[PDB]
Undergrad: 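My structure is below; once you've seen it, I'll send some questions.
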Amino acid sequence: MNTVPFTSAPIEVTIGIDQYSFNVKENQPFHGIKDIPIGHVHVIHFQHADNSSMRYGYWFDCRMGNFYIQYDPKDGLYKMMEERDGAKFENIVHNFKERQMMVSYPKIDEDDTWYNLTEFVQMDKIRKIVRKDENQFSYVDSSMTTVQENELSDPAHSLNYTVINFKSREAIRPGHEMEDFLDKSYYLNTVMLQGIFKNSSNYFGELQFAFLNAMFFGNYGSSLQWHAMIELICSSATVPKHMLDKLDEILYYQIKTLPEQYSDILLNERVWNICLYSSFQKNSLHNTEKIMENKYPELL
Amino acid sequence: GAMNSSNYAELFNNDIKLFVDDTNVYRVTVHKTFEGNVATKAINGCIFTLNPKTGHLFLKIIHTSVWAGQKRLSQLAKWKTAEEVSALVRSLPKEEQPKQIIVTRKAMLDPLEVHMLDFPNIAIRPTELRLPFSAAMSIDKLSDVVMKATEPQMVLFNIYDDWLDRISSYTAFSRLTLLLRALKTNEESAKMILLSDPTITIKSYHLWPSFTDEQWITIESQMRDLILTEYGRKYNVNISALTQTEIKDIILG
Ligand SMILES: COC(=O)CN(C(=O)c1ccsc1)C(C)C
Ligand SMILES: COC(=O)CN(C(=O)c1ccsc1)C(C)C
């Protein structure tokens, strides 16, 4: 288990770590988070008490370095940093643990939620979507736009998700206009899976990362990408069986984790009704249809 | 965006545009089978593609062989329309290609957009006027060429005959809509109005009779009365009580 120490907490803030969150008061003696499970990506996120417009955070993997958080009073945010002095870092962490100044990552042993939400998400792929090569961790916030959003404005601060556009030359073969528009299997299997993502694991990883950025940051472009990647599969008549069964599991845990009170802003009625009741895959997502009908029967 | 009454003059500006109507592409007769079931039999159709400024009518005849062995024909017909319109655009010199294509039915938007992806600068737009282009098959010469076709074929007509020598395209488009609306509402009566004087004929190279300016005024009045007379019959309305403002609103829209 690894640790992300904090130098201090000079401003009152709600701190998120993966699906968990807790409130820190102004100048409270808070010095970080311990017992973070090794083997998964993680996200540590922030929403300032005095300005809820500040929602931002960092994706990281403790296997890639020793990371800490320090508040910057000039830029007004909690910043992730890497410590290259390993003995220094271990010395800091041990003092903070001995003084019990850290919250414990509060995972229940039965609970596979975080694994289920991040199964296909890799830090190397995160760092290609979020371009800032001098750091081993990745900053995301509520306001960052996607490459696609910017086509329709600072390039260095964009989310470089894979552009999906159903009415584009990439999606439609000349001579197969009706076929390719009504059955997107070509675009899914040849253009996206074989051509761009190379395999379904990379596709699912981007889909899972888009959902998590939508839910943890209220990022609108991420929500668009998540729905587009779902609709592309559901609108394809020919999808590998293992992919449909895995998609059903992925979506089930995403719908299960979504806060019931944010459902009105994170779920697109048209996409979900199309996917569950009209698409080629309307009868292939049994677990997702069941949780959706029992949890959010209004949206449908 | 969508084309409505707030911009009628855009129709007749110098930006090339075409209306596309697909209502006569897929045409059927419904009949009983020997076993007492119901079946359809397709008959030849057409795509109605019209330049409203010049009167050019590019009439693509849809022969029943295009439906052979195909499923979901009402859906296919929209994509076949879009395929044929795209092929027409590609067949035209650059300087004759439209800058906009206005579809009369919103279900044509996605099929046409997808077929026109190679032409990103050609706007595909819907419209809010209820235009009677379905009545194109009530024009005897167009119906004849469609029904006689034995294979796919494109035919050209000026739907305005020689009217633009004497009137503007706005008035010509207005005259065409009143004529077609009359033919759609009461085809028998409209044709009686148009053809009841033997001394006024249709030139071999025209679609409509060779009326003088004053005769067109009379014809147009008779078409309005027909539309008003059918309105009264349909809705059990006494048309005598109607004011001129009321009559204009009924015919318009
Ligand atoms: C039939 O021959 C033509 O040239 C067609 N005409 C047109 O107005 C026209 C021109 C381009 S598309 C339609 C007239 C009837 C001469
Ligand atoms: C050029 O403008 C027009 O043609 C406007 N209209 C008419 O004049 C008209 C309507 C029914 S009979 C005649 C239609 C709304 C199109």
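The chains referred to below are lettered A, B, ... by the order of the sequence lines, with proteins before strands, and numbering in each begins at 1. Every number for a ligand or one of its atoms is a count from 1 in the order of the listing. The analysis underlying the following values was restricted to heavy atoms, covering all of them including side chains, and did not include hydrogens, waters or symmetry mates.
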Undergrad: Mark up the atoms of ligand 2 that fall under 4.0 Å of a heavy atom belonging to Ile251(B), in ascending order.
TA: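 Once the distances to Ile251(B) are compared, the set is 11 (C).
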Undergrad: Could you go through residues 124-134 of chain B and list every donor-acceptor pair under 3.5 Å that involves a side-chain atom there, pairing it with any protein atom two or more places apart or in another chain?
TA:
from, atom 1, to, atom 2, distance (Å)
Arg125(B), NE, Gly1(B), O, 2.8
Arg125(B), NH1, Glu10(B), OE1, 2.8
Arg125(B), NH1, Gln100(B), OE1, 2.6
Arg125(B), NH2, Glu10(B), OE1, 3.4
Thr127(B), OG1, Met3(B), O, 2.7
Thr127(B), OG1, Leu129(B), N, 3.1

Undergrad: Is the charged tip of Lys141(B) near the ring of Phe157(B): under 6.0 Å from the six-membered ring centre and within 45° of its axis?
TA: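 Checked: cation-pi criterion not met.
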Undergrad: Take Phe48(B) and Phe58(B) through the test side-chain contact (heavy atoms from CB on, under 4.5 Å) and record every step on the way to the result.
TA: CA-CA 7 Å; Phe48(B) 182 96; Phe58(B) 307 78; over 6 Å; no
Undergrad: When you measure from atom 12 (S) of ligand 2 to each heavy atom in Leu179(B), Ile250(B), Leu178(B), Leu131(B), which option holds the nearest one?
TA: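 Result: the heavy atom closest to atom 12 (S) of ligand 2 is in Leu178(B).
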Undergrad: Numbering the atoms of ligand 2 from 1, which are under 4.0 Å from a heavy atom of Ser174(B)?
TA: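 In order of number, 4 (O), 7 (C), 8 (O), 13 (C).
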Undergrad: For ligand 2, which atoms, with element, lie under 4.0 Å from some heavy atom of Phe12(B)?
TA: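 By the 4.0 Å cutoff, the relevant atoms are 1 (C).
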Undergrad: Of the backbone atoms (N, CA, C, O) and the side-chain heavy atoms from C-beta on, which set of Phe58(B) has a member under 4.0 Å from an atom of ligand 1: side chain, backbone, both, or neither?
TA: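 Looking at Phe58(B) and ligand 1, just side chain atoms fall under 4.0 Å.
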Undergrad: Looking at atom 16 (C) of ligand 1, would you say a protein heavy atom lies below 4.0 Å from it?
TA: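 When distances to the protein are checked, atom 16 (C) of ligand 1 has no heavy atom within 4.0 Å.
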Undergrad: I'd like to check the side chain to side chain donor-acceptor pair (under 3.5 Å) partners of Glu289(A); sequence neighbours left out, ordered by chain and number.
TA: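 Expected list: none.
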Undergrad: Under 4.0 Å from atom 4 (O) of ligand 1, is there at least one protein heavy atom?
TA: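 It does not: no protein heavy atom is found less than 4.0 Å away from atom 4 (O) of ligand 1.
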Undergrad: When the ring planes of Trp67(B) and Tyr26(B) are compared, do they come out parallel, tilted or perpendicular, using 30° and 60° as the limits?
TA: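 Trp67(B) vs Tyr26(B) ring planes: perpendicular.
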